[PDB]
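1. Here is my input; please provide its structure:
(one chain, ligands or ions: 10)
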Amino acid sequence: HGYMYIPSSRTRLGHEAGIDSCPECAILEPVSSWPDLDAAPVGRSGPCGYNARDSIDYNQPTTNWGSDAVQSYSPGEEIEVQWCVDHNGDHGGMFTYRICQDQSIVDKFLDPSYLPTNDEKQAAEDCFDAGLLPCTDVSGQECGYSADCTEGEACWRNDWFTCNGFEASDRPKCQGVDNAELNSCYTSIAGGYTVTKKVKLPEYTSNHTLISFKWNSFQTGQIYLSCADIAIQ
Ligand SMILES: *[C@@H]1O[C@H](CO)[C@@H](O)[C@H](O)[C@H]1NC(C)=O
Ligand SMILES: [Zn+2]
Ligand SMILES: [Zn+2]
Ligand SMILES: [Zn+2]
Ligand SMILES: [Zn+2]
Ligand SMILES: [Zn+2]
Ligand SMILES: [Zn+2]
Ligand SMILES: [Zn+2]
Ligand SMILES: [Zn+2]
Ligand SMILES: [Zn+2]
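-> Numbers count the residues shown, from 1 in each chain. Ligands and ions are numbered 1, 2, ... in the order given. Coordinates below:
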């Protein structure tokens, strides 16, 4: 259980607007989330998530999210990105952030009159995959391998970020990354912990595009997707 927190995602905004009672509940399951991190099709979840708790499809705007960029950045800017993990839902695993550089695809997610189809959700997800923002693009950022993966496996890569191991760390799982205090970010079920990294934005401009967060669970066959409306100018 978790969702993207900074920049403020559609999911965060949905919660803050009083629509989403459980922002961390937006889950793609059952899927094979491990060890091949892109194997699972995203279905109705799409790159922005679908929350079955309150039946919210975040792949289109509403009066409460998706109309405007929440934050504007510069081409090639190194930025903080943060997600929120629920205290009772720290499944470990790997996570990443992505920007689709095909505006015509992204535009289908920026119209409150229009709900992308499953085909369009998967087309966008593929575009997002191609626009992954690697951990290793940030000078000085230590980009480790997962303690739940071995060399040569499909999960053995440090373009994606990893949570800590469970048994193999004194700071276990995703919460151990920041080792933050409980309620450092909002979750409804048992209180949240921040999970914080940096990414380097592409040299790609848009007045309104998306950054899609994807977390592939290790302990469970589940993926958590959110997206944030941003500008790069
Ligand atoms: C987007 O905004 C900039 C100002 O930051 C403007 O000059 C540019 O032409 C706008 N783009 C489009 C496609 O209209
Ligand atoms: Zn969970
Ligand atoms: Zn709240
Ligand atoms: Zn994918
Ligand atoms: Zn794959
Ligand atoms: Zn700028
Ligand atoms: Zn506790
Ligand atoms: Zn296009
Ligand atoms: Zn394995
Ligand atoms: Zn483990």
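2. hey, let's count contacts and neighbours off CA atoms from now on
-> Noted.
3. Heading C-terminal from the lengthiest helix in the chain, find the next helix or strand.
-> Longest helix in the chain, counting residues (DSSP state H): helix 118-130. Downstream of helix 118-130, the next assigned helix or strand under DSSP states H and E is strand 161-162.
4. what about that next one, near ligand 10?
-> No - counting by CA under 5 Å from the ion, ligand 10 is not contacted by strand 161-162; separation bottoms out at 11.0 Å.
5. Against which helices or strands is that strand packed?
-> Helices and strands touching strand 161-162, by 3 or more CA pairs under 8 Å, 6 or more residues apart in numbering; DSSP states H and E, are strand 94-98.
6. Show me what the longest helix of the chain is packed against.
-> Counting contacts by 3+ CA pairs under 8 Å, 6+ apart, helix 118-130 is packed against helix 103-107.
7. burial measure for the residue in the chain positioned nearest to ligand 6, as a count.
-> Per CA to the ion, residue 74 is where the chain lies closest to ligand 6, at 3.8 Å. Neighbourhood size, residue 74 [other CA atoms under 10 Å]: 15.
8. can you check residue 107 too?
-> A count of neighbours around residue 107, defined by other CA under 10 Å, yields 15.
9. do the same with residue 4
-> Other residues close to residue 4 by other CA under 10 Å number 31.
10. hang on, the earlier thing: could you report the distance from the residue of the chain closest to ligand 6 to residue 218?
-> 34 Å (CA to CA, to the nearest Å).
11. With residue 209 instead?
-> On the measure of CA to CA, residue 209 and residue 218 end up 29 Å apart.
12. same deal with residue 32?
-> For residue 32, the distance to residue 218 - CA to CA - is 10 Å.
13. what does residue 7 give?
-> The spacing between residue 7 and residue 218, counted by CA to CA, is 25 Å.
14. got it, and residue 84?
-> 16 Å.
15. more neighbours, the two?
-> Applying other CA under 10 Å to residue 84 and residue 218 shows that residue 84 carries more neighbours, namely 28 against 23.
16. so where does the nearest residue to residue 34 once chain neighbours are set aside fall, helix or strand?
-> Closest residue in space to residue 34, ignoring its immediate chain neighbours: residue 218 at 6.1 Å, by CA to CA, 6 or more residues apart in numbering. Using DSSP H and E, residue 218 sits in no helix or strand.
17. Now do the same contact list for residue 218.
-> 33, 34, 91, 92, 93, 94, 148 (CA atoms under 8 Å, 6 or more residues apart in numbering).
18. Report the closest residue of this structure relative to ligand 8.
-> Closest point on the chain to ligand 8, by CA to the ion, is residue 104, at 3.9 Å.
19. Near that residue, how many other residues are there?
-> The number of residues packed near residue 104 is 10, by other CA under 10 Å.
20. Much appreciated, bye for now.
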